[PDB]
file work_14.txt (compact mmCIF, N, CA and C atoms and all ligand atoms)
# COMPACT_ATOMS: atom_id res chain seq x y z
N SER A 1 0.81 -1.22 0.00
CA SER A 1 0.00 0.00 0.00
C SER A 1 0.86 1.29 0.00
N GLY A 2 0.22 2.44 -0.23
CA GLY A 2 0.91 3.72 -0.26
C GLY A 2 0.30 4.76 -1.19
N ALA A 3 0.49 6.04 -0.86
CA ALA A 3 -0.07 7.13 -1.65
C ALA A 3 0.78 8.41 -1.58
N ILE A 4 0.63 9.28 -2.59
CA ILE A 4 1.30 10.58 -2.66
C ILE A 4 0.23 11.62 -2.36
N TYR A 5 0.53 12.51 -1.41
CA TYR A 5 -0.40 13.55 -1.03
C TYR A 5 0.16 14.89 -1.42
N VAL A 6 -0.29 15.46 -2.56
CA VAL A 6 0.15 16.77 -3.07
C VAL A 6 -1.05 17.70 -3.24
N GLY A 7 -1.03 18.84 -2.55
CA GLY A 7 -2.11 19.81 -2.59
C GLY A 7 -3.45 19.21 -2.21
N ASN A 8 -4.45 19.30 -3.10
CA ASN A 8 -5.74 18.67 -2.82
C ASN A 8 -5.93 17.36 -3.58
N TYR A 9 -4.82 16.65 -3.87
CA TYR A 9 -4.89 15.39 -4.59
C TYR A 9 -4.23 14.27 -3.82
N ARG A 10 -4.74 13.06 -4.03
CA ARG A 10 -4.18 11.82 -3.52
C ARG A 10 -3.88 10.96 -4.76
N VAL A 11 -2.67 10.44 -4.88
CA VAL A 11 -2.30 9.60 -6.02
C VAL A 11 -2.07 8.20 -5.49
N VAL A 12 -2.81 7.22 -5.99
CA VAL A 12 -2.68 5.82 -5.59
C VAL A 12 -2.54 4.93 -6.83
N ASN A 13 -2.12 3.65 -6.65
CA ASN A 13 -2.13 2.67 -7.74
C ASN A 13 -3.62 2.47 -8.07
N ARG A 14 -3.98 2.52 -9.34
CA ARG A 14 -5.38 2.37 -9.75
C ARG A 14 -5.99 1.04 -9.25
N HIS A 15 -5.21 -0.06 -9.28
CA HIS A 15 -5.72 -1.37 -8.82
C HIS A 15 -6.01 -1.44 -7.31
N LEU A 16 -5.54 -0.46 -6.53
CA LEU A 16 -5.78 -0.42 -5.09
C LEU A 16 -6.73 0.73 -4.66
N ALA A 17 -7.28 1.52 -5.61
CA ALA A 17 -8.16 2.63 -5.27
C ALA A 17 -9.43 2.19 -4.54
N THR A 18 -9.79 2.95 -3.52
CA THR A 18 -10.94 2.68 -2.66
C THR A 18 -12.28 3.22 -3.24
N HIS A 19 -13.41 3.00 -2.54
CA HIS A 19 -14.69 3.56 -2.95
C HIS A 19 -14.63 5.09 -2.88
N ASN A 20 -13.98 5.65 -1.84
CA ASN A 20 -13.83 7.09 -1.68
C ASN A 20 -13.02 7.69 -2.83
N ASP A 21 -11.96 7.00 -3.28
CA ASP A 21 -11.15 7.46 -4.41
C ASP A 21 -11.99 7.56 -5.71
N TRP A 22 -12.82 6.56 -6.03
CA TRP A 22 -13.67 6.58 -7.23
C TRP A 22 -14.80 7.59 -7.11
N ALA A 23 -15.36 7.75 -5.90
CA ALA A 23 -16.42 8.72 -5.66
C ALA A 23 -15.91 10.17 -5.74
N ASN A 24 -14.57 10.40 -5.68
CA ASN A 24 -13.97 11.74 -5.77
C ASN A 24 -12.86 11.76 -6.85
N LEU A 25 -13.11 11.04 -7.96
CA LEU A 25 -12.21 10.86 -9.09
C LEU A 25 -11.88 12.16 -9.75
N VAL A 26 -10.58 12.41 -9.97
CA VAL A 26 -10.08 13.56 -10.70
C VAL A 26 -9.61 13.04 -12.07
N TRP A 27 -8.79 11.97 -12.07
CA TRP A 27 -8.22 11.38 -13.26
C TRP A 27 -7.76 9.93 -12.96
N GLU A 28 -7.92 9.04 -13.93
CA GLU A 28 -7.44 7.68 -13.80
C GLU A 28 -6.91 7.22 -15.15
N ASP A 29 -5.90 6.33 -15.13
CA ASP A 29 -5.34 5.77 -16.36
C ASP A 29 -4.93 4.30 -16.14
N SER A 30 -5.75 3.35 -16.63
CA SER A 30 -5.51 1.92 -16.52
C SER A 30 -4.16 1.52 -17.13
N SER A 31 -3.80 2.13 -18.27
CA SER A 31 -2.53 1.83 -18.91
C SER A 31 -1.33 2.27 -18.07
N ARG A 32 -1.50 3.20 -17.12
CA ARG A 32 -0.41 3.62 -16.23
C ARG A 32 -0.52 3.05 -14.80
N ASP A 33 -1.65 2.37 -14.47
CA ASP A 33 -1.98 1.87 -13.13
C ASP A 33 -2.00 3.06 -12.16
N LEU A 34 -2.56 4.22 -12.58
CA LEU A 34 -2.65 5.40 -11.69
C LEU A 34 -4.07 5.88 -11.54
N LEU A 35 -4.38 6.41 -10.38
CA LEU A 35 -5.65 7.04 -10.08
C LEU A 35 -5.32 8.26 -9.19
N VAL A 36 -6.04 9.35 -9.39
CA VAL A 36 -5.90 10.55 -8.61
C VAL A 36 -7.31 10.91 -8.10
N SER A 37 -7.44 11.18 -6.81
CA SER A 37 -8.71 11.60 -6.23
C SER A 37 -8.51 12.90 -5.44
N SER A 38 -9.61 13.61 -5.14
CA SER A 38 -9.52 14.86 -4.42
C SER A 38 -9.60 14.67 -2.91
N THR A 39 -8.94 15.58 -2.17
CA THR A 39 -8.93 15.57 -0.71
C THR A 39 -9.37 16.92 -0.16
N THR A 40 -9.90 16.92 1.06
CA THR A 40 -10.28 18.16 1.73
C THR A 40 -9.05 18.73 2.48
N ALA A 41 -8.21 17.86 3.06
CA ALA A 41 -7.00 18.31 3.75
C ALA A 41 -5.87 18.57 2.74
N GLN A 42 -4.90 19.43 3.11
CA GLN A 42 -3.79 19.78 2.22
C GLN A 42 -2.60 18.81 2.31
N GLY A 43 -2.05 18.43 1.16
CA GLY A 43 -0.91 17.54 1.03
C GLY A 43 0.40 18.30 0.87
N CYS A 44 1.46 17.80 1.49
CA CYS A 44 2.75 18.48 1.48
C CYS A 44 3.87 17.74 0.74
N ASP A 45 3.56 16.70 -0.06
CA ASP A 45 4.59 16.01 -0.83
C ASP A 45 5.04 16.89 -1.99
N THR A 46 6.33 16.86 -2.32
CA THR A 46 6.86 17.65 -3.42
C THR A 46 7.12 16.72 -4.59
N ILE A 47 6.56 17.03 -5.76
CA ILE A 47 6.76 16.21 -6.94
C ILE A 47 8.04 16.67 -7.66
N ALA A 48 8.90 15.73 -8.03
CA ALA A 48 10.12 16.07 -8.75
C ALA A 48 9.72 16.46 -10.18
N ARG A 49 10.40 17.43 -10.74
CA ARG A 49 10.18 17.87 -12.11
C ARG A 49 11.58 17.81 -12.67
N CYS A 50 11.96 16.64 -13.23
CA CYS A 50 13.34 16.36 -13.63
C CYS A 50 13.41 15.11 -14.55
N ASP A 51 14.64 14.73 -14.95
CA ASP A 51 14.88 13.48 -15.68
C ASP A 51 15.93 12.63 -14.97
N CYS A 52 15.90 12.62 -13.62
CA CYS A 52 16.79 11.85 -12.74
C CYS A 52 16.68 10.37 -13.08
N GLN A 53 17.79 9.64 -13.06
CA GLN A 53 17.75 8.18 -13.26
C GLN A 53 18.31 7.41 -12.05
N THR A 54 18.46 8.08 -10.89
CA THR A 54 18.88 7.52 -9.61
C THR A 54 17.93 8.08 -8.53
N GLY A 55 17.73 7.31 -7.48
CA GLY A 55 16.86 7.70 -6.38
C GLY A 55 16.75 6.62 -5.32
N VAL A 56 15.82 6.76 -4.37
CA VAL A 56 15.63 5.83 -3.27
C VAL A 56 14.15 5.47 -3.15
N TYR A 57 13.85 4.19 -3.06
CA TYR A 57 12.47 3.75 -2.90
C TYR A 57 12.23 3.00 -1.56
N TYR A 58 10.98 3.00 -1.08
CA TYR A 58 10.65 2.31 0.14
C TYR A 58 10.08 0.93 -0.19
N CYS A 59 10.60 -0.13 0.46
CA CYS A 59 10.19 -1.51 0.22
C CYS A 59 9.57 -2.04 1.51
N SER A 60 8.23 -2.02 1.62
CA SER A 60 7.55 -2.41 2.85
C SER A 60 7.83 -3.82 3.26
N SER A 61 7.99 -4.73 2.29
CA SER A 61 8.32 -6.12 2.56
C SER A 61 9.70 -6.31 3.23
N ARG A 62 10.50 -5.24 3.31
CA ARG A 62 11.76 -5.31 4.02
C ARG A 62 11.89 -4.20 5.08
N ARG A 63 10.85 -3.34 5.26
CA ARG A 63 10.85 -2.15 6.12
C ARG A 63 12.16 -1.32 5.91
N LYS A 64 12.56 -1.16 4.63
CA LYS A 64 13.83 -0.52 4.27
C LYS A 64 13.74 0.28 2.98
N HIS A 65 14.54 1.34 2.92
CA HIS A 65 14.71 2.20 1.77
C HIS A 65 15.95 1.69 1.03
N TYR A 66 15.87 1.61 -0.30
CA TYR A 66 16.97 1.13 -1.13
C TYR A 66 17.33 2.12 -2.24
N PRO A 67 18.62 2.46 -2.40
CA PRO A 67 19.00 3.35 -3.52
C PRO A 67 18.98 2.53 -4.82
N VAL A 68 18.44 3.10 -5.87
CA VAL A 68 18.30 2.41 -7.14
C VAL A 68 18.70 3.29 -8.30
N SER A 69 19.10 2.64 -9.37
CA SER A 69 19.33 3.28 -10.65
C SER A 69 18.13 2.79 -11.49
N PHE A 70 17.38 3.68 -12.13
CA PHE A 70 16.18 3.27 -12.86
C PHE A 70 16.14 3.79 -14.29
N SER A 71 15.34 3.13 -15.14
CA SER A 71 15.24 3.53 -16.53
C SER A 71 14.24 4.69 -16.74
N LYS A 72 14.28 5.34 -17.93
CA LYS A 72 13.38 6.42 -18.32
C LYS A 72 11.96 5.85 -18.51
N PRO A 73 10.91 6.56 -18.09
CA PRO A 73 9.54 6.00 -18.22
C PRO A 73 9.19 5.55 -19.65
N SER A 74 8.69 4.30 -19.78
CA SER A 74 8.42 3.73 -21.09
C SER A 74 7.28 2.67 -21.11
N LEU A 75 7.00 2.08 -22.28
CA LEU A 75 5.99 1.05 -22.47
C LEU A 75 6.68 -0.26 -22.18
N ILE A 76 6.20 -1.00 -21.19
CA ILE A 76 6.81 -2.27 -20.81
C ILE A 76 5.72 -3.32 -20.67
N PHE A 77 5.98 -4.55 -21.15
CA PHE A 77 5.02 -5.63 -21.03
C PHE A 77 4.94 -6.15 -19.57
N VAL A 78 3.74 -6.17 -19.00
CA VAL A 78 3.50 -6.59 -17.63
C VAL A 78 2.59 -7.82 -17.66
N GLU A 79 3.05 -8.92 -17.03
CA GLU A 79 2.34 -10.19 -16.92
C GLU A 79 0.95 -10.06 -16.33
N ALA A 80 0.02 -10.90 -16.78
CA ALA A 80 -1.38 -10.91 -16.32
C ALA A 80 -1.52 -11.02 -14.81
N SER A 81 -2.62 -10.51 -14.26
CA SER A 81 -2.93 -10.58 -12.83
C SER A 81 -4.46 -10.52 -12.60
N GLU A 82 -4.91 -10.58 -11.33
CA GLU A 82 -6.34 -10.49 -10.98
C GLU A 82 -6.93 -9.09 -11.24
N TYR A 83 -6.08 -8.09 -11.40
CA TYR A 83 -6.50 -6.71 -11.62
C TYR A 83 -6.49 -6.31 -13.09
N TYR A 84 -5.58 -6.88 -13.86
CA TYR A 84 -5.42 -6.53 -15.26
C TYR A 84 -5.09 -7.74 -16.07
N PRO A 85 -5.53 -7.79 -17.34
CA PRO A 85 -5.03 -8.85 -18.23
C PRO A 85 -3.58 -8.51 -18.65
N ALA A 86 -2.88 -9.43 -19.34
CA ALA A 86 -1.51 -9.15 -19.79
C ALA A 86 -1.55 -8.00 -20.84
N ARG A 87 -0.84 -6.92 -20.54
CA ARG A 87 -0.86 -5.74 -21.37
C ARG A 87 0.50 -4.99 -21.29
N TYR A 88 0.60 -3.86 -22.01
CA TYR A 88 1.77 -3.00 -21.94
C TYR A 88 1.40 -1.85 -21.02
N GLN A 89 2.10 -1.69 -19.90
CA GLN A 89 1.89 -0.54 -19.04
C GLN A 89 2.76 0.61 -19.57
N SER A 90 2.21 1.81 -19.64
CA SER A 90 2.96 2.99 -20.09
C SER A 90 3.54 3.77 -18.88
N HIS A 91 4.49 4.69 -19.16
CA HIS A 91 5.15 5.53 -18.17
C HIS A 91 5.73 4.71 -16.98
N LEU A 92 6.33 3.53 -17.28
CA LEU A 92 6.90 2.61 -16.29
C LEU A 92 8.43 2.66 -16.32
N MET A 93 9.05 2.61 -15.15
CA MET A 93 10.51 2.68 -14.97
C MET A 93 11.02 1.45 -14.22
N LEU A 94 11.96 0.68 -14.80
CA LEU A 94 12.48 -0.49 -14.09
C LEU A 94 13.80 -0.22 -13.39
N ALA A 95 13.98 -0.89 -12.24
CA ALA A 95 15.19 -0.88 -11.44
C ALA A 95 15.49 -2.32 -10.99
N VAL A 96 16.77 -2.63 -10.74
CA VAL A 96 17.15 -3.93 -10.22
C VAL A 96 16.98 -3.78 -8.72
N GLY A 97 16.07 -4.56 -8.15
CA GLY A 97 15.81 -4.46 -6.72
C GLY A 97 14.67 -5.33 -6.27
N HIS A 98 14.57 -5.51 -4.96
CA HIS A 98 13.51 -6.30 -4.39
C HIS A 98 12.13 -5.65 -4.36
N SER A 99 11.13 -6.46 -4.64
CA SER A 99 9.73 -6.14 -4.48
C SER A 99 8.90 -7.45 -4.45
N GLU A 100 7.71 -7.41 -3.89
CA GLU A 100 6.80 -8.54 -3.89
C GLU A 100 5.35 -8.07 -3.82
N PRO A 101 4.33 -8.91 -4.18
CA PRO A 101 2.93 -8.44 -4.07
C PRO A 101 2.68 -7.86 -2.68
N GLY A 102 2.28 -6.60 -2.61
CA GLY A 102 2.13 -5.90 -1.33
C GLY A 102 3.00 -4.65 -1.24
N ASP A 103 4.02 -4.56 -2.10
CA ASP A 103 4.93 -3.43 -2.14
C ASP A 103 4.48 -2.26 -2.99
N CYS A 104 3.37 -2.41 -3.77
CA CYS A 104 2.82 -1.31 -4.58
C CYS A 104 2.46 -0.15 -3.64
N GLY A 105 2.80 1.07 -4.02
CA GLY A 105 2.48 2.23 -3.19
C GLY A 105 3.69 2.90 -2.56
N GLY A 106 4.79 2.15 -2.41
CA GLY A 106 6.05 2.69 -1.89
C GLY A 106 6.57 3.75 -2.84
N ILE A 107 6.97 4.88 -2.27
CA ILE A 107 7.41 6.02 -3.01
C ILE A 107 8.86 5.89 -3.45
N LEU A 108 9.13 6.34 -4.67
CA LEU A 108 10.45 6.48 -5.25
C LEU A 108 10.76 8.00 -5.22
N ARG A 109 11.91 8.38 -4.67
CA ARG A 109 12.28 9.77 -4.50
C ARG A 109 13.67 10.01 -4.97
N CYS A 110 13.90 11.18 -5.56
CA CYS A 110 15.24 11.62 -5.93
C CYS A 110 15.53 12.91 -5.10
N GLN A 111 16.67 13.59 -5.34
CA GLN A 111 16.96 14.85 -4.62
C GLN A 111 15.88 15.94 -4.86
N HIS A 112 15.11 15.84 -5.95
CA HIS A 112 14.08 16.82 -6.30
C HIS A 112 12.69 16.54 -5.73
N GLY A 113 12.51 15.36 -5.15
CA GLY A 113 11.23 14.96 -4.57
C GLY A 113 10.72 13.64 -5.09
N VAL A 114 9.39 13.51 -5.11
CA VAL A 114 8.68 12.31 -5.50
C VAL A 114 8.70 12.07 -7.00
N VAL A 115 9.29 10.94 -7.41
CA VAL A 115 9.40 10.55 -8.82
C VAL A 115 8.19 9.67 -9.24
N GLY A 116 7.79 8.76 -8.35
CA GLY A 116 6.66 7.89 -8.63
C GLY A 116 6.43 6.85 -7.55
N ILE A 117 5.58 5.84 -7.83
CA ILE A 117 5.29 4.79 -6.84
C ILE A 117 5.46 3.38 -7.40
N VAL A 118 5.77 2.38 -6.52
CA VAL A 118 5.91 0.97 -6.95
C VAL A 118 4.61 0.52 -7.59
N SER A 119 4.71 -0.17 -8.73
CA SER A 119 3.55 -0.63 -9.45
C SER A 119 3.72 -2.06 -9.93
N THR A 120 4.96 -2.48 -10.29
CA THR A 120 5.20 -3.87 -10.76
C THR A 120 6.47 -4.46 -10.11
N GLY A 121 6.70 -5.76 -10.32
CA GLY A 121 7.89 -6.42 -9.85
C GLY A 121 7.98 -7.85 -10.33
N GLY A 122 9.12 -8.46 -10.11
CA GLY A 122 9.35 -9.86 -10.46
C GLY A 122 10.70 -10.06 -11.10
N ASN A 123 11.28 -11.23 -10.95
CA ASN A 123 12.58 -11.54 -11.55
C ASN A 123 13.74 -10.68 -10.98
N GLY A 124 13.58 -10.14 -9.77
CA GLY A 124 14.58 -9.27 -9.17
C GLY A 124 14.57 -7.87 -9.78
N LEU A 125 13.41 -7.44 -10.27
CA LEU A 125 13.23 -6.15 -10.92
C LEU A 125 12.01 -5.50 -10.31
N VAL A 126 12.08 -4.18 -10.05
CA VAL A 126 10.98 -3.41 -9.50
C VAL A 126 10.59 -2.31 -10.49
N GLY A 127 9.29 -2.21 -10.76
CA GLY A 127 8.74 -1.20 -11.65
C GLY A 127 8.04 -0.09 -10.90
N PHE A 128 8.29 1.14 -11.34
CA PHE A 128 7.71 2.35 -10.74
C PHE A 128 6.93 3.11 -11.78
N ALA A 129 5.74 3.53 -11.39
CA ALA A 129 4.86 4.35 -12.20
C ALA A 129 5.32 5.79 -12.01
N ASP A 130 5.80 6.44 -13.08
CA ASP A 130 6.28 7.80 -13.03
C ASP A 130 5.11 8.76 -12.83
N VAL A 131 5.31 9.83 -12.04
CA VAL A 131 4.31 10.89 -11.86
C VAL A 131 4.83 12.31 -12.28
N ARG A 132 6.14 12.45 -12.59
CA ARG A 132 6.79 13.73 -12.89
C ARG A 132 6.17 14.53 -14.05
N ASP A 133 5.52 13.86 -15.01
CA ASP A 133 4.86 14.52 -16.12
C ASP A 133 3.46 15.06 -15.78
N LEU A 134 2.91 14.74 -14.59
CA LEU A 134 1.58 15.23 -14.21
C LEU A 134 1.74 16.62 -13.62
N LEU A 135 2.03 17.60 -14.48
CA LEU A 135 2.30 18.99 -14.07
C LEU A 135 1.13 19.64 -13.33
N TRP A 136 -0.10 19.20 -13.63
CA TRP A 136 -1.33 19.73 -13.05
C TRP A 136 -1.50 19.43 -11.56
N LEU A 137 -0.78 18.44 -11.03
CA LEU A 137 -0.83 18.09 -9.61
C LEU A 137 -0.39 19.26 -8.70
N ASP A 138 0.43 20.20 -9.22
CA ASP A 138 0.91 21.36 -8.46
C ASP A 138 0.15 22.65 -8.72
N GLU A 139 -0.92 22.63 -9.52
CA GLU A 139 -1.62 23.86 -9.88
C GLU A 139 -3.15 23.76 -9.79
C1 LIG B 201 4.66 -5.27 -7.06
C2 LIG B 201 5.09 -6.67 -7.32
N1 LIG B 201 6.29 -7.14 -7.09
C3 LIG B 201 6.25 -8.48 -7.45
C4 LIG B 201 7.24 -9.45 -7.45
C5 LIG B 201 6.95 -10.71 -7.95
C6 LIG B 201 5.68 -11.01 -8.43
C7 LIG B 201 4.67 -10.06 -8.40
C8 LIG B 201 4.98 -8.80 -7.91
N2 LIG B 201 4.24 -7.63 -7.82
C9 LIG B 201 2.84 -7.48 -8.19
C10 LIG B 201 2.70 -7.05 -9.65
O1 LIG B 201 3.69 -6.96 -10.37
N3 LIG B 201 1.46 -6.77 -10.08
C11 LIG B 201 0.22 -7.15 -9.38
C12 LIG B 201 -0.70 -5.94 -9.20
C13 LIG B 201 -0.87 -5.18 -10.52
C14 LIG B 201 0.49 -4.77 -11.10
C15 LIG B 201 0.34 -3.95 -12.37
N4 LIG B 201 0.73 -2.68 -12.30
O2 LIG B 201 -0.12 -4.45 -13.41
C16 LIG B 201 1.26 -6.07 -11.35
ZN ZN B 202 15.31 14.47 -9.74

call {"tool": "encode", "arguments": {"input": "work_14.txt", "output": "structure tokens"}}
result
Amino acid sequence: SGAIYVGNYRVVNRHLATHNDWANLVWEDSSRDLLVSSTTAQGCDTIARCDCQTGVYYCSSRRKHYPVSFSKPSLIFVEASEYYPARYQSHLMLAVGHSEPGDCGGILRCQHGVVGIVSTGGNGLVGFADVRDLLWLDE
């Protein structure tokens, strides 16, 4: 689990969005596994606006933060699951690192702030859904 709280928005993995998230939907994208909903309280997370390829992510399955080198957001084939059929997820970044079902939601951060959240994994590789291009989250 996990979410990004910026201004009056909450960003979660689309496959984990709650009834409250859908009832207050701002934007969702199945191809990116992202959902954004509105909040009444103010969020203080800072979104990175950069092209960083290094950062640190939180891995709940190990209660530890790990420094990673990651790829530029792209279209990557993601194996079938109970939430989605086998498809190409867009705006996805891979890193060599630990993850397991339950780690989605952990934040990836660089020196500029929040880069994205855990969305995929397997084979000793962790995938992160990029959020840096969602310029509207700050305005
Ligand atoms: C996060 C993770 N690490 C894993 C390691 C090994 C095996 C599975 C692992 N998952 C879960 C996974 O990849 N899923 C399930 C939920 C929907 C995700 C999606 N964005 O399509 C795909
Ligand atoms: Zn950065």

call {"tool": "atom_distance", "arguments": {"input": "work_14.txt", "atom1": "atom C of residue 78 in chain A", "atom2": "atom N of residue 106 in chain A"}}
result
18.4 Å

call {"tool": "closest_residue", "arguments": {"input": "work_14.txt", "among": "A:52, A:103, A:46, A:84", "to": "residue 2 in chain A", "atoms": "all atoms listed in the file"}}
result
A:103

call {"tool": "residues_near_ligand", "arguments": {"input": "work_14.txt", "ligand": "ligand ZN 202 (chain B)", "cutoff": "6.5 Å", "atoms": "only N, CA and C atoms and all ligand atoms", "output": "list in words"}}
result
residues 48, 49, 50, 51, 52, 53, 110, 111, 112 and 113 of chain A

call {"tool": "residues_near_point", "arguments": {"input": "work_14.txt", "point": "(6.8, -8.4, -7.7)", "cutoff": "6 Å", "atoms": "all atoms listed in the file", "output": "list in words"}}
result
residues 99, 100, 101, 120, 121 and 122 of chain A

call {"tool": "residues_around", "arguments": {"input": "work_14.txt", "residues": "residue 61 in chain A", "least_positions_apart": "2", "cutoff": "6.5 Å", "atoms": "only N, CA and C atoms", "output": "list in words"}}
result
residues 59, 63, 64, 102 and 103 of chain A

call {"tool": "build_atoms", "arguments": {"input": "work_14.txt", "residues": "range 40-53 of chain A", "atoms": "N, CA, C and O atoms", "output": "mmCIF file, in the coordinates of the input"}}
result
data_model
loop_
_atom_site.group_PDB
_atom_site.id
_atom_site.type_symbol
_atom_site.label_atom_id
_atom_site.label_comp_id
_atom_site.auth_asym_id
_atom_site.auth_seq_id
_atom_site.Cartn_x
_atom_site.Cartn_y
_atom_site.Cartn_z
ATOM 1 N N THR A 40 -9.900 16.920 1.060
ATOM 2 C CA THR A 40 -10.280 18.160 1.730
ATOM 3 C C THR A 40 -9.050 18.730 2.480
ATOM 4 O O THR A 40 -8.863 19.950 2.518
ATOM 5 N N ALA A 41 -8.210 17.860 3.060
ATOM 6 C CA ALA A 41 -7.000 18.310 3.750
ATOM 7 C C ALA A 41 -5.870 18.570 2.740
ATOM 8 O O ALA A 41 -5.875 17.996 1.656
ATOM 9 N N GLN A 42 -4.900 19.430 3.110
ATOM 10 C CA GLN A 42 -3.790 19.780 2.220
ATOM 11 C C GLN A 42 -2.600 18.810 2.310
ATOM 12 O O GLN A 42 -2.186 18.453 3.406
ATOM 13 N N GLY A 43 -2.050 18.430 1.160
ATOM 14 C CA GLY A 43 -0.910 17.540 1.030
ATOM 15 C C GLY A 43 0.400 18.300 0.870
ATOM 16 O O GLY A 43 0.451 19.320 0.181
ATOM 17 N N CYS A 44 1.460 17.800 1.490
ATOM 18 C CA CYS A 44 2.750 18.480 1.480
ATOM 19 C C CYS A 44 3.870 17.740 0.740
ATOM 20 O O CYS A 44 5.037 18.134 0.893
ATOM 21 N N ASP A 45 3.560 16.700 -0.060
ATOM 22 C CA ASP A 45 4.590 16.010 -0.830
ATOM 23 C C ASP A 45 5.040 16.890 -1.990
ATOM 24 O O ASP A 45 4.220 17.567 -2.607
ATOM 25 N N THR A 46 6.330 16.860 -2.320
ATOM 26 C CA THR A 46 6.860 17.650 -3.420
ATOM 27 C C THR A 46 7.120 16.720 -4.590
ATOM 28 O O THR A 46 7.828 15.729 -4.429
ATOM 29 N N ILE A 47 6.560 17.030 -5.760
ATOM 30 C CA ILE A 47 6.760 16.210 -6.940
ATOM 31 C C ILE A 47 8.040 16.670 -7.660
ATOM 32 O O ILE A 47 8.273 17.866 -7.776
ATOM 33 N N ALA A 48 8.900 15.730 -8.030
ATOM 34 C CA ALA A 48 10.120 16.070 -8.750
ATOM 35 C C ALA A 48 9.720 16.460 -10.180
ATOM 36 O O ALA A 48 8.805 15.875 -10.764
ATOM 37 N N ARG A 49 10.400 17.430 -10.740
ATOM 38 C CA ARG A 49 10.180 17.870 -12.110
ATOM 39 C C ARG A 49 11.580 17.810 -12.670
ATOM 40 O O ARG A 49 12.328 18.771 -12.522
ATOM 41 N N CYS A 50 11.960 16.640 -13.230
ATOM 42 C CA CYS A 50 13.340 16.360 -13.630
ATOM 43 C C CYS A 50 13.410 15.110 -14.550
ATOM 44 O O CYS A 50 12.403 14.435 -14.792
ATOM 45 N N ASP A 51 14.640 14.730 -14.950
ATOM 46 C CA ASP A 51 14.880 13.480 -15.680
ATOM 47 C C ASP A 51 15.930 12.630 -14.970
ATOM 48 O O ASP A 51 16.766 12.010 -15.630
ATOM 49 N N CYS A 52 15.900 12.620 -13.620
ATOM 50 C CA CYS A 52 16.790 11.850 -12.740
ATOM 51 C C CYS A 52 16.680 10.370 -13.080
ATOM 52 O O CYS A 52 15.576 9.883 -13.332
ATOM 53 N N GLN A 53 17.790 9.640 -13.060
ATOM 54 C CA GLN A 53 17.750 8.180 -13.260
ATOM 55 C C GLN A 53 18.310 7.410 -12.050
ATOM 56 O O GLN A 53 18.668 6.255 -12.191
#
